[PDB]
>>> print(open('query07.txt').read())   # compact mmCIF, C-alpha atoms
# COMPACT_ATOMS: atom_id res chain seq x y z
CA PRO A 1 0.00 0.00 0.00
CA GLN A 2 1.40 3.36 -1.13
CA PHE A 3 -0.61 5.72 1.06
CA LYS A 4 1.73 4.59 3.83
CA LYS A 5 4.75 6.50 2.48
CA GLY A 6 3.49 10.09 2.60
CA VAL A 7 2.31 9.26 6.09
CA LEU A 8 5.85 8.61 7.37
CA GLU A 9 6.75 12.21 6.62
CA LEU A 10 3.82 13.32 8.77
CA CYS A 11 4.54 10.94 11.65
CA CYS A 12 8.23 11.84 11.63
CA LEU A 13 7.55 15.59 11.67
CA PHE A 14 5.05 15.16 14.49
CA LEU A 15 7.45 13.21 16.68
CA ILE A 16 10.41 15.48 15.91
CA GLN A 17 8.27 18.45 16.94
CA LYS A 18 7.81 16.87 20.38
CA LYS A 19 11.46 16.05 20.99
CA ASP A 20 14.81 16.24 19.24
CA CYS A 21 15.41 12.61 18.27
CA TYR A 22 18.08 10.58 16.55
CA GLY A 23 17.44 8.04 13.81
CA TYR A 24 16.90 4.64 15.36
CA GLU A 25 14.98 6.28 18.22
CA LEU A 26 12.52 7.79 15.76
CA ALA A 27 12.07 4.48 13.91
CA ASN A 28 11.29 2.74 17.18
CA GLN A 29 8.73 5.40 18.09
CA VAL A 30 6.99 5.23 14.70
CA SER A 31 6.87 1.44 15.06
CA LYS A 32 4.62 1.75 18.14
CA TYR A 33 1.95 3.03 15.75
CA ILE A 34 2.60 1.81 12.17
CA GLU A 35 4.58 -1.12 10.80
CA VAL A 36 7.52 0.64 9.15
CA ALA A 37 10.14 -1.22 7.13
CA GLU A 38 13.33 -0.77 9.09
CA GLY A 39 15.22 1.79 7.05
CA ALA A 40 12.17 3.42 5.48
CA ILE A 41 12.43 6.60 7.57
CA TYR A 42 15.94 7.61 6.49
CA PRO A 43 14.98 8.75 2.96
CA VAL A 44 12.07 10.61 4.57
CA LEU A 45 14.50 12.29 6.99
CA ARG A 46 16.95 13.11 4.21
CA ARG A 47 14.20 14.83 2.23
CA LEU A 48 12.96 16.87 5.19
CA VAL A 49 16.52 18.05 5.83
CA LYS A 50 17.12 18.86 2.16
CA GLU A 51 13.86 20.82 2.07
CA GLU A 52 14.95 22.58 5.31
CA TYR A 53 11.96 21.29 7.22
CA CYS A 54 14.48 19.78 9.61
CA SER A 55 18.02 20.53 10.62
CA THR A 56 20.46 18.19 12.21
CA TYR A 57 23.32 18.15 14.71
CA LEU A 58 25.65 15.62 16.30
CA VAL A 59 26.32 14.51 19.86
CA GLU A 60 29.36 12.45 20.88
CA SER A 61 30.32 9.76 23.42
CA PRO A 62 29.49 6.68 19.35
CA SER A 63 28.43 10.01 17.80
CA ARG A 64 24.72 10.52 17.15
CA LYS A 65 22.80 12.69 14.70
CA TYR A 66 19.78 14.47 16.19
CA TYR A 67 16.88 15.88 14.15
CA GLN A 68 15.24 19.22 14.82
CA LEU A 69 12.15 20.93 13.44
CA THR A 70 12.86 24.25 11.74
CA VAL A 71 10.42 27.16 11.67
CA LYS A 72 9.60 26.23 8.08
CA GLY A 73 9.01 22.66 9.21
CA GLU A 74 6.68 23.81 11.96
CA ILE A 75 4.44 25.60 9.49
CA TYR A 76 4.65 22.66 7.10
CA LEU A 77 3.71 20.16 9.82
CA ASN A 78 0.66 22.21 10.78
CA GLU A 79 -0.51 22.28 7.16
CA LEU A 80 0.14 18.56 6.83
CA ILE A 81 -2.00 17.82 9.89
CA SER A 82 -4.85 19.94 8.52
CA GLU A 83 -4.50 18.28 5.11
CA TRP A 84 -4.51 14.81 6.69
CA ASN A 85 -7.70 15.38 8.69
CA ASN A 86 -9.87 16.90 5.99
CA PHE A 87 -8.46 14.34 3.54
CA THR A 88 -9.43 11.32 5.66
CA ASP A 89 -12.75 13.04 6.44
CA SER A 90 -13.38 13.24 2.69
CA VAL A 91 -12.48 9.58 2.12
CA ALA A 92 -14.77 8.49 4.96
CA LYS A 93 -17.61 10.43 3.34
CA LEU A 94 -16.98 8.26 0.30
CA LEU A 95 -16.52 4.90 2.02
CA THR A 96 -19.85 5.20 3.92
CA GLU A 97 -22.03 6.65 1.14
CA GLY A 98 -21.91 3.68 -1.21
CA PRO B 1 0.91 15.45 -0.64
CA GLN B 2 1.69 11.88 -1.69
CA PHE B 3 -0.72 9.96 0.54
CA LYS B 4 -3.37 11.11 -1.93
CA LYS B 5 -2.23 8.79 -4.73
CA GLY B 6 -2.70 5.38 -3.12
CA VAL B 7 -6.09 6.66 -2.05
CA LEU B 8 -7.31 7.08 -5.64
CA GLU B 9 -6.93 3.35 -6.18
CA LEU B 10 -9.16 2.76 -3.16
CA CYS B 11 -11.80 5.33 -4.13
CA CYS B 12 -11.89 4.07 -7.71
CA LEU B 13 -12.29 0.42 -6.66
CA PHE B 14 -15.04 1.39 -4.23
CA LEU B 15 -17.04 3.29 -6.82
CA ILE B 16 -16.52 0.68 -9.54
CA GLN B 17 -17.83 -1.95 -7.12
CA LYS B 18 -21.09 0.01 -6.83
CA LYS B 19 -21.63 0.51 -10.55
CA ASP B 20 -19.92 -0.18 -13.86
CA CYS B 21 -18.60 3.26 -14.81
CA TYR B 22 -16.70 4.82 -17.67
CA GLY B 23 -13.72 7.13 -17.27
CA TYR B 24 -14.92 10.70 -17.07
CA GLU B 25 -17.91 9.55 -15.01
CA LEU B 26 -15.60 8.06 -12.40
CA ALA B 27 -13.43 11.20 -12.27
CA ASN B 28 -16.51 13.33 -11.69
CA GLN B 29 -17.67 11.04 -8.88
CA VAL B 30 -14.28 11.05 -7.15
CA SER B 31 -14.25 14.85 -7.41
CA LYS B 32 -17.34 15.07 -5.16
CA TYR B 33 -15.07 13.83 -2.36
CA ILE B 34 -11.40 14.61 -3.11
CA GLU B 35 -9.75 17.18 -5.37
CA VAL B 36 -8.29 14.98 -8.11
CA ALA B 37 -6.11 16.36 -10.89
CA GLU B 38 -8.12 15.79 -14.03
CA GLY B 39 -6.35 12.86 -15.64
CA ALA B 40 -4.95 11.39 -12.44
CA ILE B 41 -7.34 8.43 -12.39
CA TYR B 42 -6.39 6.98 -15.77
CA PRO B 43 -2.98 5.59 -14.69
CA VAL B 44 -4.75 4.20 -11.62
CA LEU B 45 -7.34 2.53 -13.88
CA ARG B 46 -4.67 1.20 -16.22
CA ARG B 47 -2.86 -0.42 -13.30
CA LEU B 48 -6.00 -2.02 -11.88
CA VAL B 49 -6.77 -3.49 -15.31
CA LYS B 50 -3.20 -4.71 -15.81
CA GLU B 51 -3.29 -6.33 -12.37
CA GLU B 52 -6.69 -7.87 -13.30
CA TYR B 53 -8.46 -6.10 -10.46
CA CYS B 54 -10.70 -4.62 -13.12
CA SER B 55 -11.79 -5.61 -16.58
CA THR B 56 -13.15 -3.38 -19.25
CA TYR B 57 -15.65 -3.38 -22.11
CA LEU B 58 -16.99 -0.94 -24.70
CA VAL B 59 -20.42 0.44 -25.48
CA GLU B 60 -21.25 2.28 -28.72
CA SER B 61 -23.51 5.10 -29.96
CA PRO B 62 -19.15 7.83 -29.42
CA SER B 63 -17.94 4.48 -28.02
CA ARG B 64 -17.32 4.28 -24.28
CA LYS B 65 -15.09 2.09 -22.14
CA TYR B 66 -16.74 0.77 -18.96
CA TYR B 67 -14.83 -0.54 -15.93
CA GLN B 68 -15.83 -3.62 -13.96
CA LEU B 69 -14.61 -5.14 -10.72
CA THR B 70 -13.26 -8.66 -11.08
CA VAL B 71 -13.46 -11.32 -8.37
CA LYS B 72 -9.79 -10.67 -7.62
CA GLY B 73 -10.55 -6.96 -7.40
CA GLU B 74 -13.40 -7.59 -4.98
CA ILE B 75 -11.10 -9.39 -2.55
CA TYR B 76 -8.44 -6.73 -3.05
CA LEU B 77 -10.89 -3.90 -2.38
CA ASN B 78 -12.04 -5.53 0.86
CA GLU B 79 -8.44 -5.84 2.05
CA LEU B 80 -7.74 -2.26 1.03
CA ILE B 81 -10.70 -1.00 3.07
CA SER B 82 -9.54 -2.96 6.13
CA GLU B 83 -5.98 -1.69 5.63
CA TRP B 84 -7.20 1.90 5.29
CA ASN B 85 -9.24 1.86 8.51
CA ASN B 86 -6.69 0.30 10.83
CA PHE B 87 -4.00 2.45 9.19
CA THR B 88 -5.81 5.75 9.84
CA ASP B 89 -6.74 4.45 13.32
CA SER B 90 -3.03 3.94 13.98
CA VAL B 91 -2.10 7.42 12.72
CA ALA B 92 -4.81 9.01 14.88
CA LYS B 93 -3.37 7.21 17.91
CA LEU B 94 -0.13 9.00 17.08
CA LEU B 95 -1.51 12.45 16.28
CA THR B 96 -3.42 12.68 19.61
CA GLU B 97 -0.79 11.18 21.94
CA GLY B 98 1.85 13.87 21.53
>>> encode(input="query07.txt", output="structure tokens")
Amino acid sequence: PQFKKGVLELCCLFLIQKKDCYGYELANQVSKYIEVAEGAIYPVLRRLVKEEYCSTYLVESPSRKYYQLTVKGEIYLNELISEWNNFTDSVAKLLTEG
Amino acid sequence: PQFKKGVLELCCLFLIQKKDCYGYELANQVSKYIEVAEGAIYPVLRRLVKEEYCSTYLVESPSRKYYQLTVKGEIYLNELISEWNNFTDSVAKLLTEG
């Protein structure tokens, strides 16, 4: 199912907004909710960094790369949440009128 | 937003299950519910035919190509509906616990 991919971007943004997280930690938090192929978040993270929705920084002592929401990414997340809701509301109006 | 693409497959299957439809008629019924780029359903239809989820037939007098759910496509739709619900249930457990 391909609707699951654009959803990872939204779950990752939402969790990153709560807390600065590193990679494996984010994958294990998404996995509480949806069954994510291990490795599937990293291209999502790389895109959100490239698009400057997230920035990144390292912490040492085994160095670790933390992800941070930017201002741009905070606006984008809030649009994505509003899109998601009224999108799934629309689909549910289809699935129960037919 | 890319979650919207895998959803067209599900809305198209659901409508085709109700009634045999032709192309433009299906696009205008999806548009009651979600804002679909005009033309975006045709690759979705072509895939569902290729994968034998749908079959097709023509009617004349301006010939018109009607779409029909196969048995395979009826099982596939029912899985897709169950996937959709428990998927969006999972996402909503994320979006309101954080």
>>> closest_residue(input="query07.txt", among="A:53, A:22, A:87, A:42", to="chain B", atoms="only C-alpha atoms")
A:87
>>> interface_residues(input="query07.txt", of="chain B", to="chain A", cutoff="7 Å", atoms="all atoms listed in the file", output="list in words")
residues 1, 2, 3, 4, 5, 6, 7, 18, 33, 34, 90, 91, 94 and 98 of chain B
>>> atom_distance(input="query07.txt", atom1="atom CA of residue 48 of chain A", atom2="atom CA of residue 36 of chain B")
25.1 Å
>>> calpha_fit_and_write(input="query07.txt", fixed="chain A", moving="chain B", output="CSV table (one decimal) with C-alpha atoms, in the frame of the given file")
chain,number,residue,atom,x,y,z
B,1,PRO,CA,0.0,0.0,0.0
B,2,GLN,CA,1.4,3.4,-1.1
B,3,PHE,CA,-0.6,5.7,1.1
B,4,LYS,CA,1.7,4.6,3.8
B,5,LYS,CA,4.7,6.5,2.5
B,6,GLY,CA,3.5,10.1,2.6
B,7,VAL,CA,2.3,9.3,6.1
B,8,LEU,CA,5.8,8.6,7.4
B,9,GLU,CA,6.8,12.2,6.6
B,10,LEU,CA,3.8,13.3,8.8
B,11,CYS,CA,4.5,10.9,11.7
B,12,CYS,CA,8.2,11.8,11.6
B,13,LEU,CA,7.6,15.6,11.7
B,14,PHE,CA,5.0,15.2,14.5
B,15,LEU,CA,7.4,13.2,16.7
B,16,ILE,CA,10.4,15.5,15.9
B,17,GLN,CA,8.3,18.5,16.9
B,18,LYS,CA,7.8,16.9,20.4
B,19,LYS,CA,11.5,16.1,21.0
B,20,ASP,CA,14.8,16.2,19.2
B,21,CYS,CA,15.4,12.6,18.3
B,22,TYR,CA,18.1,10.6,16.6
B,23,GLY,CA,17.4,8.0,13.8
B,24,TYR,CA,16.9,4.6,15.4
B,25,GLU,CA,15.0,6.3,18.2
B,26,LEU,CA,12.5,7.8,15.8
B,27,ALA,CA,12.1,4.5,13.9
B,28,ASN,CA,11.3,2.7,17.2
B,29,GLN,CA,8.7,5.4,18.1
B,30,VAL,CA,7.0,5.2,14.7
B,31,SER,CA,6.9,1.4,15.1
B,32,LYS,CA,4.6,1.7,18.1
B,33,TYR,CA,1.9,3.0,15.7
B,34,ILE,CA,2.6,1.8,12.2
B,35,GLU,CA,4.6,-1.1,10.8
B,36,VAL,CA,7.5,0.6,9.1
B,37,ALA,CA,10.1,-1.2,7.1
B,38,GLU,CA,13.3,-0.8,9.1
B,39,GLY,CA,15.2,1.8,7.0
B,40,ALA,CA,12.2,3.4,5.5
B,41,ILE,CA,12.4,6.6,7.6
B,42,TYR,CA,15.9,7.6,6.5
B,43,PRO,CA,15.0,8.8,3.0
B,44,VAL,CA,12.1,10.6,4.6
B,45,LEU,CA,14.5,12.3,7.0
B,46,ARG,CA,16.9,13.1,4.2
B,47,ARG,CA,14.2,14.8,2.2
B,48,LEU,CA,13.0,16.9,5.2
B,49,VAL,CA,16.5,18.1,5.8
B,50,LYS,CA,17.1,18.9,2.2
B,51,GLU,CA,13.9,20.8,2.1
B,52,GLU,CA,15.0,22.6,5.3
B,53,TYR,CA,12.0,21.3,7.2
B,54,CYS,CA,14.5,19.8,9.6
B,55,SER,CA,18.0,20.5,10.6
B,56,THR,CA,20.5,18.2,12.2
B,57,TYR,CA,23.3,18.2,14.7
B,58,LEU,CA,25.7,15.6,16.3
B,59,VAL,CA,26.3,14.5,19.9
B,60,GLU,CA,29.4,12.5,20.9
B,61,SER,CA,30.3,9.8,23.4
B,62,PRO,CA,29.5,6.7,19.4
B,63,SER,CA,28.4,10.0,17.8
B,64,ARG,CA,24.7,10.5,17.1
B,65,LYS,CA,22.8,12.7,14.7
B,66,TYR,CA,19.8,14.5,16.2
B,67,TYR,CA,16.9,15.9,14.1
B,68,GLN,CA,15.2,19.2,14.8
B,69,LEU,CA,12.2,20.9,13.4
B,70,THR,CA,12.9,24.2,11.7
B,71,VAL,CA,10.4,27.2,11.7
B,72,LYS,CA,9.6,26.2,8.1
B,73,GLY,CA,9.0,22.7,9.2
B,74,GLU,CA,6.7,23.8,12.0
B,75,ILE,CA,4.4,25.6,9.5
B,76,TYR,CA,4.7,22.7,7.1
B,77,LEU,CA,3.7,20.2,9.8
B,78,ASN,CA,0.7,22.2,10.8
B,79,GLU,CA,-0.5,22.3,7.2
B,80,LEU,CA,0.1,18.6,6.8
B,81,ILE,CA,-2.0,17.8,9.9
B,82,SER,CA,-4.9,19.9,8.5
B,83,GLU,CA,-4.5,18.3,5.1
B,84,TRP,CA,-4.5,14.8,6.7
B,85,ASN,CA,-7.7,15.4,8.7
B,86,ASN,CA,-9.9,16.9,6.0
B,87,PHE,CA,-8.5,14.3,3.5
B,88,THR,CA,-9.4,11.3,5.7
B,89,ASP,CA,-12.8,13.0,6.4
B,90,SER,CA,-13.4,13.2,2.7
B,91,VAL,CA,-12.5,9.6,2.1
B,92,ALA,CA,-14.8,8.5,5.0
B,93,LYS,CA,-17.6,10.4,3.3
B,94,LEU,CA,-17.0,8.3,0.3
B,95,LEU,CA,-16.5,4.9,2.0
B,96,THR,CA,-19.9,5.2,3.9
B,97,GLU,CA,-22.0,6.6,1.1
B,98,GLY,CA,-21.9,3.7,-1.2
>>> atom_distance(input="query07.txt", atom1="atom CA of residue 12 of chain A", atom2="atom CA of residue 79 of chain A")
14.3 Å
